[PDB]
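Undergrad:
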Amino acid sequence: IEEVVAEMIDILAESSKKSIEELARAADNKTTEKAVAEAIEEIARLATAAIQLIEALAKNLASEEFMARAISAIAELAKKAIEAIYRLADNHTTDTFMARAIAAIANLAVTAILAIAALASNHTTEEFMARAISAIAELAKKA
Amino acid sequence: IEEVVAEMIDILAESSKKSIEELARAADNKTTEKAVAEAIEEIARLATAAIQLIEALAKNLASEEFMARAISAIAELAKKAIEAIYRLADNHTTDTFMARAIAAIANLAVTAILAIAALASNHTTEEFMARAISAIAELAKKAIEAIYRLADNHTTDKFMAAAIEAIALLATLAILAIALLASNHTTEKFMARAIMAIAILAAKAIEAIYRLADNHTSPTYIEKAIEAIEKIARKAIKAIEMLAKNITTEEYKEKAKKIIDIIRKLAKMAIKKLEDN
Amino acid sequence: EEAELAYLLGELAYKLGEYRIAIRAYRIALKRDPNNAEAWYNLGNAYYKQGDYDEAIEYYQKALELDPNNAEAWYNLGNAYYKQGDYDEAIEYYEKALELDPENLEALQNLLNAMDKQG
Amino acid sequence: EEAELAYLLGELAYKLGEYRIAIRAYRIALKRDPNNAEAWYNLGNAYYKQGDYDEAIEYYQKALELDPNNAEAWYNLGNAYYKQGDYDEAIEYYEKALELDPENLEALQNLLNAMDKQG
Amino acid sequence: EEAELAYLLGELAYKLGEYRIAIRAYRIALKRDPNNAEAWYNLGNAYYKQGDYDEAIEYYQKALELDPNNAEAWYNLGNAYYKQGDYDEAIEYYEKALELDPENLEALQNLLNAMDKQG
Numbered sequence: 001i002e003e004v005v006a007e008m009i010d011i012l013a014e015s016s017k018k019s020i021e022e023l024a025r026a027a028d029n030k031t032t033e034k035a036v037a038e039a040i041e042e043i044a045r046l047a048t049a050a051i052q053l054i055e056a057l058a059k060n061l062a063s064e065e066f067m068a069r070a071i072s073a074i075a076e077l078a079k080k081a082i083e084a085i086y087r088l089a090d091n092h093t094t095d096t097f098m099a100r101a102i103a104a105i106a107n108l109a110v111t112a113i114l115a116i117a118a119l120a121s122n123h124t125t126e127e128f129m130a131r132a133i134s135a136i137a138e139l140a141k142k143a
Numbered sequence: 001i002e003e004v005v006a007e008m009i010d011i012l013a014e015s016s017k018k019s020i021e022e023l024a025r026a027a028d029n030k031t032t033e034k035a036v037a038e039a040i041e042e043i044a045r046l047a048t049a050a051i052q053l054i055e056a057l058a059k060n061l062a063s064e065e066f067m068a069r070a071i072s073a074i075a076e077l078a079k080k081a082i083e084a085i086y087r088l089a090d091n092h093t094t095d096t097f098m099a100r101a102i103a104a105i106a107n108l109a110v111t112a113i114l115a116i117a118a119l120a121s122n123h124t125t126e127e128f129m130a131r132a133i134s135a136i137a138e139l140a141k142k143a144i145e146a147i148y149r150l151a152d153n154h155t156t157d158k159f160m161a162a163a164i165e166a167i168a169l170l171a172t173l174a175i176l177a178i179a180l181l182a183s184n185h186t187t188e189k190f191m192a193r194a195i196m197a198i199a200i201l202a203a204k205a206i207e208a209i210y211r212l213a214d215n216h217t218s219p220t221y222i223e224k225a226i227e228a229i230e231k232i233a234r235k236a237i238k239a240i241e242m243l244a245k246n247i248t249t250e251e252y253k254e255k256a257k258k259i260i261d262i263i264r265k266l267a268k269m270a271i272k273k274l275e276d277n
Numbered sequence: 001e002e003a004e005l006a007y008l009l010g011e012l013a014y015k016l017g018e019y020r021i022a023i024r025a026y027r028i029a030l031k032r033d034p035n036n037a038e039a040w041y042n043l044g045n046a047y048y049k050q051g052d053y054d055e056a057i058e059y060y061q062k063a064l065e066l067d068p069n070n071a072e073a074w075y076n077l078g079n080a081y082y083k084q085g086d087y088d089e090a091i092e093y094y095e096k097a098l099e100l101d102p103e104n105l106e107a108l109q110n111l112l113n114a115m116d117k118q119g
Numbered sequence: 001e002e003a004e005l006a007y008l009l010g011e012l013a014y015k016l017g018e019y020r021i022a023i024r025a026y027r028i029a030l031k032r033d034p035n036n037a038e039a040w041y042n043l044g045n046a047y048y049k050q051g052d053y054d055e056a057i058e059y060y061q062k063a064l065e066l067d068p069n070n071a072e073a074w075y076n077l078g079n080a081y082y083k084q085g086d087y088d089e090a091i092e093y094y095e096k097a098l099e100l101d102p103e104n105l106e107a108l109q110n111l112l113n114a115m116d117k118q119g
Numbered sequence: 001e002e003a004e005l006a007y008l009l010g011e012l013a014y015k016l017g018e019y020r021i022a023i024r025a026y027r028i029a030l031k032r033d034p035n036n037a038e039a040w041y042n043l044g045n046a047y048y049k050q051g052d053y054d055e056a057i058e059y060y061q062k063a064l065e066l067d068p069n070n071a072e073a074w075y076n077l078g079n080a081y082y083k084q085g086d087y088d089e090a091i092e093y094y095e096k097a098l099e100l101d102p103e104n105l106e107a108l109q110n111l112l113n114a115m116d117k118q119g
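Chains as they are written, first to last, in the entry's author numbering: chain B, 1 to 143; chain B', 1 to 277; chain A, 1 to 119; chain A', 1 to 119; chain A'', 1 to 119. A prime marks a further copy of an entry chain.
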């Protein structure tokens with residue numbers, strides 16, 4: 001069972017990461033601010049939804065090795081979404097979409113952090129809890 | 001209590017279905033592409049939210065009859081949302097909003113499937129688990145066909161790759177979800193049903209991809225189609241083997257082997273034809 | 001050679017979709033020459049096209065006794081049985097069509113479906 | 001059965017609009033079987049389609065002697081007479097077609113027109 | 001009259017482009033009646049249409065022995081020879097077609113081309 005649940009998580013994570021990259025590319029090559037605004041919101045929307053699906057599946061993983069993989073998947077997706085937004089949303093004379101970028105980054109960081117803590121609380125080994133702490137700290141610092 | 005929870009679910013489901021129909025009508029009678037884009041996104045947004053509310057309530061239903069009703073409500077709403085989008089999003093010279101339609105259909109199918117598996121895992125009766133398996137398989141097939149049909153209405157090869165990947169995604173997750181629920185069956189009769197459900201869905205996913213890839217000369221779509229076909233077969237076969245290992249009656253294992261061999265042949269034959277193109 | 005003309009009229013009508021005519025012409029060709037496997041096969045096909053599955057089965061079987069390597073006839077025999085709900089037979093005939101021609105994707109798919117409906 | 005093949009060839013050619021062929025094939029079918037009312041009727045129709053009204057009349061009449069209930073033949077017999085200016089006959093035959101089939105709107109309209117041209 | 005039915009089937013199939021059928025039907029019509037110049041000609045044409053120039057030549061020649069005034073057959077005989085590279089013969093036959101029908105522009109043009117290829 002854990003193998004199946006973990007595989008489903010990895011699949012969703014890979015799909016989500018690809019889609020974020022594509023959204024950023026699609027808007028990065030445009031000269032239209034609106035295309036960028038949509039990519040900023042779509043990246044954040046997608047990453048948020050993907051995290052929530054992963055959490056729901058991750059709750060069925062009793063084993064620590066597998067929960068650790070779920071945590072990593074959330075953290076990796078969240079940081080990719082943040083980097084994509086940072087680059088995508090930069091410049092714009094600094095007058096356009098900076099508010100969206102800040103809110104999006106902070107909101108993704110909040111969702112990802114709370115989701116990690118939600119799963120992390122089920123580890124019973126100090127080594128694994130420590131890994132979750134690091135994951136939270138790294139997301140907080142990146143945001 | 002179950003009566004109350006079930007009633008709340010039925011109410012939300014009816015409201016959600018009506019709203020989807022109305023959104024589609026409101027946009028179907030317009031000549032503005034933007035009106036349609038909003039309806040595509042609103043139907044998907046609404047159906048997704050409604051499913052999540054139903055799941056949250058459904059978790060309070062311990063009884064199987066009631067959980068089955070919750071599953072049906074999710075499945076019915078999800079398929080209605082898909083049909084509404086397919087029709088709403090069709091045509092547009094095939095240049096406008098096909099990407100939205102594909103993503104929306106695939107995303108709804110994923111949410112609905114995972115939500116069903118989430119509730120379905122609490123049934124303790126093989127008959128009910130079988131119903132959940134069917135519901136998943138039916139949603140997966142409808143999503144694949146809607147994507148397939150939109151892709152073949154195209155006037156040019158714009159976005160066919162999205163259709164190929166979306167089909168492979170849905171098939172893979174649906175197969176795993178079936179295997180996941182199916183892992184809790186104990187009787188060979190039911191394990192056999194799960195195996196066929198996987199094999200058939202895998203076959204349909206392979207055929208839809210094959211046909212799209214085989215419609216026109218398209219070397220880079222051929223590369224994607226071939227990997228998707230082999231990928232699906234790998235996942236389908238492994239799932240079948242995992243279930244097959246729990247069969248102790250022999251005759252059923254022979255059938256599982258025939259099924260695996262058929263899947264292998266379908267993948268190989270579809271690939272060879274795509275390679276020659 | 002009336003038998004050949006009957007055959008030719010049958011084939012022309014068949015090709016043009018005039019199955020009513022094709023059937024009568026093939027019956028004449030076969031009455032005169034019962035060993036014409038091709039006429040038996042096409043006679044069966046005309047019935048198949050009209051939804052006349054019982055006749056299509058009988059005639060496909062005769063064509064096959066005369067020519068056991070006709071993979072297409074094995075396939076269509078399986079299809080007629082399948083359409084009638086006889087899944088056990090549909091399986092048996094799709095398998096034979098595939099032994100003769102492994103490239104028949106439709107037979108593989110129909111075979112799997114027949115297995116689903118079976119028992 | 002050459003007579004049946006002649007019939008079938010005639011019918012196929014007729015259906016395809018190849019009236020030249022259909023006529024020769026029907027003449028053969030009828031030579032062998034003079035009681036084939038359907039062949040007489042279609043023979044007459046092929047001539048009618050070609051504007052050969054005198055022949056269409058003779059053959060329609062024969063088909064009708066063999067089968068008096070053929071409302072369509074009565075109608076077309078009336079039409080051929082009408083086309084030639086024989087309004088008295090056109091009236092008589094449109095009336096018979098209507099007795100057999102009251103739904104023939106064209107016969108009613110042509111009947112009234114024949115009455116206008118009459119005397 | 002099987003020979004006439006064979007002829008009619010041949011002509012119908014020919015007209016519809018079903019040259020495979022037309023050839024078999026014409027062979028039957030001619031076997032029964034070797035003097036049917038028109039069937040010989042159309043038999044040759046069906047082969048010509050299929051690229052079967054050697055047969056088209058033999059059959060066109062027979063049609064012409066039976067009917068020397070068939071300008072079209074002379075023309076097509078010349079065309080088949082031309083297609084095979086026999087320019088000396090193509091010239092001879094285009095000239096005959098023109099004597100019979102001076103309006104054949106294609107024969108004049110092909111004649112000049114054959115003269116260019118000649119020697």
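Every residue, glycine too, gets a C-beta built ideally from N, C-alpha and C.
Check whether the Cβ atoms of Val36 (chain B) and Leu108 (chain B) lie closer than 8 Å to each other.
TA: Position 36 of the first sequence holds residue 36 (chain B). Position 108 of the first sequence holds residue 108 (chain B). Taking 8 Å as the Cβ cut-off, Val36 (chain B) and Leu108 (chain B) do not qualify as a contacting pair.
Undergrad: Grab the span of the alpha helix (DSSP H) containing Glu1 (chain A) for me, first residue to last.
TA: Taking the third sequence and counting its residues from 1, the one referred to as residue 1 (chain A) is at position 1. Neither: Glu1 (chain A) is in no alpha helix (DSSP H) and is coded neither H nor E.
Undergrad: Please list, in chain order, the chain B' residues whose beta carbon lies closer than 7 Å to that of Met8 (chain B).
TA: One-based indexing of the first sequence puts residue 8 (chain B) at position 8. Result: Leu173, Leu176.
Undergrad: Helix, strand or coil for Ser16 (chain B') per DSSP?
TA: Taking the first residue of the second sequence as 1, we reach residue 16 (chain B') at position 16. Helix.
Undergrad: Cβ of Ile91 (chain A') within 8 Å of Cβ of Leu64 (chain A')?
TA: Stepping through the fourth sequence from its first residue, residue 91 (chain A') is reached at position 91. Stepping through the fourth sequence from its first residue, residue 64 (chain A') is reached at position 64. Against a cut-off of 8 Å, the Cβ pair of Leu64 (chain A') and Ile91 (chain A') comes out as no contact.
Undergrad: Do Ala80 (chain A) and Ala56 (chain A) have their C-beta atoms within less than 8 Å of each other?
TA: Along the third sequence, read from residue 1 onward, the residue named residue 80 (chain A) stands at position 80. Along the third sequence, read from residue 1 onward, the residue named residue 56 (chain A) stands at position 56. The criterion of a C-beta distance shorter than 8 Å is satisfied by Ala80 (chain A) and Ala56 (chain A).
Undergrad: Got a sec: is the Cβ-Cβ distance from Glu11 (chain A) to anything in chain A'' below 8 Å?
TA: Position 11 of the third sequence, counted from the first residue, corresponds to residue 11 (chain A). By this cut-off, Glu11 (chain A) is an interface position.
Undergrad: Who are the neighbours of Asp116 (chain A) on chain B', taking C-beta pairs under 7 Å?
TA: As a position in the third sequence, residue 116 (chain A) is number 116, starting the count at 1. One finds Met196, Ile200 in chain B' with Cβ atoms closer than 7 Å to the Cβ of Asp116 (chain A), taken in chain order.
Undergrad: Just the Cα atoms here: how many angstroms apart are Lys34 (chain B) and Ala26 (chain B')?
TA: For this step, residue 34 (chain B) is matched to residue 34 along the first sequence. For this step, residue 26 (chain B') is matched to residue 26 along the second sequence. Rounded to whole angstroms, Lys34 (chain B) to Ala26 (chain B') spans 25 Å at the Cα level.
Undergrad: Can you tell me which of the three DSSP states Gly85 (chain A') falls into?
TA: Mapped onto the fourth sequence, residue 85 (chain A') falls at position 85. DSSP places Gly85 (chain A') in coil when its eight states are reduced to three.
Undergrad: Taking the C-alpha atoms as reference points, what is the distance between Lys245 (chain B') and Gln118 (chain A)?
TA: Taking the second sequence and counting its residues from 1, one reaches residue 245 (chain B') at position 245. Taking the third sequence and counting its residues from 1, one reaches residue 118 (chain A) at position 118. Those two C-alpha atoms are separated by around 22 Å.
Undergrad: Return the Cβ separation of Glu188 (chain B') and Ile247 (chain B') in integer angstroms, given the expectation that the two are a contact with Cβ distance under 8 Å.
TA: Numbered from its first residue, the second sequence carries residue 188 (chain B') at position 188. Numbered from its first residue, the second sequence carries residue 247 (chain B') at position 247. Correct: roughly 5 Å between the Cβ atoms.
Undergrad: Could you confirm whether any beta carbon from chain A' is found closer than 8 Å to the beta carbon of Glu4 (chain A)?
TA: Here residue 4 (chain A) refers to the residue found at position 4 when the third sequence is read from its first residue. For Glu4 (chain A), the closest Cβ of chain A' is not nearer than 8 Å.
Undergrad: Give me, in chain order, the residues of the same chain whose beta-carbon lies closer than 6 Å to that of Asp101 (chain A'); leave out the 5 immediate sequence neighbours on both sides.
TA: Indexing the fourth sequence from 1 puts residue 101 (chain A') at position 101. Answer for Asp101 (chain A'): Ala71, listed in chain order.
Undergrad: When DSSP labels each residue in this structure, what does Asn60 (chain B) get in the three-state scheme?
TA: Counting from one through the first sequence, the residue named residue 60 (chain B) turns up at place 60. Coil, per DSSP.
Undergrad: Measuring CA to CA, which of B:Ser134, B:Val4, B:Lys80 is closest to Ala104 (chain B)?
TA: On the first sequence, residue 104 (chain B) is found 104 positions in, with the first residue counted as 1. It is B:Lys80.
Undergrad: Please state if the CB of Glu42 (chain B) and the CB of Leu23 (chain B) are separated by a distance shorter than 8 Å.
TA: Counting from one through the first sequence, the residue named residue 23 (chain B) turns up at place 23. Counting from one through the first sequence, the residue named residue 42 (chain B) turns up at place 42. It is a contact, given that the beta carbons lie within the stated cut-off.
Undergrad: Rounded to whole angstroms, what's the CA-CA distance from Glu103 (chain A') to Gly17 (chain A')? Just pull it up for me.
TA: As a working mapping, residue 103 (chain A') is identified with position 103 in the fourth sequence. As a working mapping, residue 17 (chain A') is identified with position 17 in the fourth sequence. Computed Cα separation, rounded: 27 Å.
Undergrad: Quick one: which residues of the region 11 to 39 of chain A' get their C-beta closer than 9 Å to a C-beta of chain A? List them in chain order.
TA: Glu11, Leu12, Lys15, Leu16
Undergrad: Give the residues of chain A in contact with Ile262 (chain B'), contact being defined as C-beta atoms less than 7 Å apart.
TA: Walking along the second sequence from the start, residue 262 (chain B') turns up at place 262. Near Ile262 (chain B') (Cβ distances below 7 Å), the residues of chain A are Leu108, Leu111, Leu112.
Undergrad: Please identify, using Cβ separations under 7 Å, the residues of the region 201 to 235 of chain B' that lie next to chain A, in order along the chain.
TA: With the criterion set as a beta carbon lying under 7 Å from some beta carbon of chain A, the members of the region 201 to 235 of chain B' are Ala203, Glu207, in sequence order.
Undergrad: Helix or strand or just coil, what does DSSP make of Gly119 (chain A')?
TA: Indexing the fourth sequence from 1 puts residue 119 (chain A') at position 119. Of the three classes helix, strand and coil, the one that applies to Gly119 (chain A') here is coil, per DSSP.
Undergrad: Nearest to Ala6 (chain B) by CA position, among B:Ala44, B:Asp28, B:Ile82, B:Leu53, is which residue?
TA: As a position in the first sequence, residue 6 (chain B) is number 6, starting the count at 1. With distances taken between Cα atoms, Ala6 (chain B) lies closest to B:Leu53.
Undergrad: Do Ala13 (chain A) and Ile21 (chain A) have their CB atoms nearer than 8 Å?
TA: By 1-based counting over the third sequence, the position of residue 13 (chain A) is 13. By 1-based counting over the third sequence, the position of residue 21 (chain A) is 21. Closer than 8 Å, so yes.
Undergrad: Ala202 (chain B') and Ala236 (chain B'): beta carbons closer than 8 Å?
TA: Counting from 1 along the second sequence, the entry for residue 202 (chain B') is found at position 202. Counting from 1 along the second sequence, the entry for residue 236 (chain B') is found at position 236. Yes, Cβ-Cβ distance for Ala202 (chain B') and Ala236 (chain B') is below 8 Å.
Undergrad: So is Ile136 (chain B') buried or exposed if we call it buried at 16+ other beta carbons inside 10 Å?
TA: Numbered from its first residue, the second sequence carries residue 136 (chain B') at position 136. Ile136 (chain B') comes out buried.
Undergrad: On the criterion of 16 or more Cβ atoms from any shown chain inside 10 Å, does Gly78 (chain A') qualify as buried, or is it exposed?
TA: Within the fourth sequence, residue 78 (chain A') is the residue found at index 78, counting from 1. When all chains shown are included, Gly78 (chain A') counts as buried.
Undergrad: In this structure, how does DSSP classify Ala143 (chain B) when only helix, strand and coil are distinguished?
TA: As a first step, residue 143 (chain B) must be located in the first sequence, where it is residue number 143. Three-state result, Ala143 (chain B): coil.
Undergrad: Would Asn36 (chain A'') and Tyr7 (chain A'') qualify as a contact pair, given that the criterion is a beta-carbon distance under 8 Å?
TA: Along the fifth sequence, read from residue 1 onward, the residue named residue 36 (chain A'') stands at position 36. Along the fifth sequence, read from residue 1 onward, the residue named residue 7 (chain A'') stands at position 7. In this structure, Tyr7 (chain A'') lies closer than 8 Å to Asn36 (chain A'') by Cβ.
Undergrad: Please name the residue, chosen from B:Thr96, B:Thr31, B:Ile20, that lies closest to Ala78 (chain B) on a Cα-to-Cα basis.
TA: As a first step, residue 78 (chain B) is located in the first sequence; it is residue number 78 there, counting from the start. Out of B:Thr96, B:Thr31, B:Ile20, B:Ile20 has the C-alpha closest to the C-alpha of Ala78 (chain B).
Undergrad: On the DSSP letters alone, give me the boundaries of the alpha helix (DSSP H) that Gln61 (chain A) sits inside.
TA: Residue mapping note: residue 61 (chain A) aligns to position 61 of the third sequence, counting from 1. Note, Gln61 (chain A): alpha helix (DSSP H), 53 to 66.
Undergrad: With a Cβ-Cβ cutoff of 8 Å, do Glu55 (chain B') and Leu119 (chain B') count as a contact?
TA: Indexing the second sequence from 1 puts residue 55 (chain B') at position 55. Indexing the second sequence from 1 puts residue 119 (chain B') at position 119. Closer than 8 Å, so yes.
Undergrad: The alpha helix (DSSP H) spanning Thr111 (chain B) covers which residue range?
TA: For this step, residue 111 (chain B) is matched to residue 111 along the first sequence. Counting along the chain, the alpha helix (DSSP H) containing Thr111 (chain B) begins and ends at 98 to 120.
Undergrad: Would you say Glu103 (chain A) faces chain B', with C-beta separation under 8 Å as the test?
TA: To locate residue 103 (chain A), count along the third sequence from 1; it is residue 103. With 8 Å as the cut-off, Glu103 (chain A) counts as an interface residue toward chain B'.
Undergrad: Tell me whether the beta-carbon of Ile51 (chain B) lies closer than 8 Å to the beta-carbon of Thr124 (chain B).
TA: Position 51 of the first sequence, counted from the start, is the residue given in the question as residue 51 (chain B). Position 124 of the first sequence, counted from the start, is the residue given in the question as residue 124 (chain B). No, Cβ-Cβ distance for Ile51 (chain B) and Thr124 (chain B) is not below 8 Å.
Undergrad: Put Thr249 (chain B') into one of helix, strand or coil per three-state DSSP.
TA: Within the second sequence, numbered from 1, the residue matching residue 249 (chain B') stands at position 249. Note: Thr249 (chain B') maps to coil in three-state DSSP.
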